[PDB]
Ligand SMILES: NS(=O)(=O)c1ccc(-c2ccc(/C=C3\SC(=O)NC3=O)o2)cc1
């Protein structure tokens with residue numbers, strides 16, 4: 001890591017602490033993640049992720065395994081979507097830019113998922129934007145590569161807000177549908193400027209989903225009632241109208257949102273099918289203010 005000088009701490013993610021760093025030789029500016037953890041399995045899986053390249057994924061530039069420590073060197077981008085959404089809390093992100101961001105993120109997901117790689121932990125903090133109007137998925141593949149956690153190294157309440165309902169009901173063998181769910185939630189949030197399902201615990205997370213989309217049953221989700229953490233004793237709320245949930249959004253957008261928020265992960269739209277949705281007939285690539 002001595003080939004790097006630390007500039008600033010960009011944050012403390014699930015996998016330890018991220019610094020903006022300068023490669024003390026090249027002059028190149030990067031994001032340096034020291035992994036807070038040596039297992040051979042993780043090294044191989046991490047090495048496989050280095051070959052994933054797509055303009056919508058933040059590039060894993062170098063994997064440095066030294067002094068039994070793991071450093072991950074990532075392409076550095078200047079902002080994430082959280083700060084960008086905070087900055088424009090008062091005006092709104094204009095819809096064409098929302099749409100552009102949604103279309104490119106789904107492209108990232110289509111690519112990753114075509115490789116059987118999933119994120120599992122998408123959130124606005126993982127979505128990185130530049131001045132050219134690009135948006136990129138960070139931390140793809142890391143969950144499966146390293147193992148999946150409770151509270152972070154920051155001793156921080158991590159984000160269940162974007163968690164798919166099959167994960168919350170204790171499914172061990174979930175699929176790429178979990179990422180579409182999370183993107184669905186982030187799409188809604190961009191539109192309304194408020195988190196769609198801001199749970200303060202796992203059952204509150206699940207109940208906030210139930211209260212808006214209705215309590216799932218065998219009709220909408222075959223197999224639901226025999227999932228590990230499902231309880232017959234769950235309250236039985238009715239589904240709300242999406243015109244109430246993401247109120248200003250047009251019918252193309254809400255129809256797409258609804259396919260991304262299907263309970264049944266096999267009914268839930270693929271990233272590839274979502275790219276052909278009518279919402280994107282008029283997509284463009286606007287550039288943000290920044
Ligand atoms: N809060 S901020 O908008 O100033 C900001 C946040 C993140 C990054 C940034 C650039 C590159 C990375 C790499 C990341 S983010 C993550 O969650 N895991 C990474 O490796 O993170 C830059 C600015």
> When every alpha-carbon pair in region 167-290 is counted, what percent end up more than 26 Å apart?
Replying inline: 23 percent
> Which order do peptides 103-116, 188-201 fall in by mean Cβ count within 10 Å, highest first?
Replying inline: 103-116, 188-201
> Alpha carbon centre of region 24-38 versus region 208-240: separation in Å?
Replying inline: 44 Å
> In Å, the Kirkwood hydrodynamic radius of region 136-214 over pairs of distinct alpha carbons?
Replying inline: 13.7 Å
> Mean shadow of region 38-98, computed from the convex hull of its alpha carbons, in nm²?
Replying inline: 6.0 nm²
>> Can you give me the distance in nm between label points at residue 285 and residue 67, each placed 7 Å from the Cα along the Cα-to-Cβ direction?
In response: 4.1 nm
> Using the Kirkwood formula over every pair of different C-alpha atoms, what hydrodynamic radius in Å results for region 79-290?
Replying inline: 17.7 Å
> In Å, what Rg and Dmax follow from the Cα atoms of region 1-86?
Replying inline: 13.2, 40
>> From the helices alone, meaning DSSP H stretches of at least four residues, give me the mean residue ellipticity at 222 nm for the chain, per-run term -39500 (n - 2.57), in deg cm²/dmol to the nearest 500.
In response: -9000 deg cm²/dmol
>> If you average the C-alpha positions of region 113-155 and of region 73-88 separately, how far apart do those two centres end up, in angstrom?
In response: 13 Å
> Where both partners of a DSSP beta bridge lie in the chain, what percent of those bridges are antiparallel, to the nearest 5?
Replying inline: 95 percent
>> If I take all pairs of Cα atoms in region 65-130, what percentage of them are more than 14 Å from each other?
In response: 71 percent
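Ideal geometry is used to build each Cβ from the backbone, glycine not excepted, and the neighbour counts take in all protein chains shown. Every number here is computed from the coordinates shown, using simple stated rules; none is lab data.
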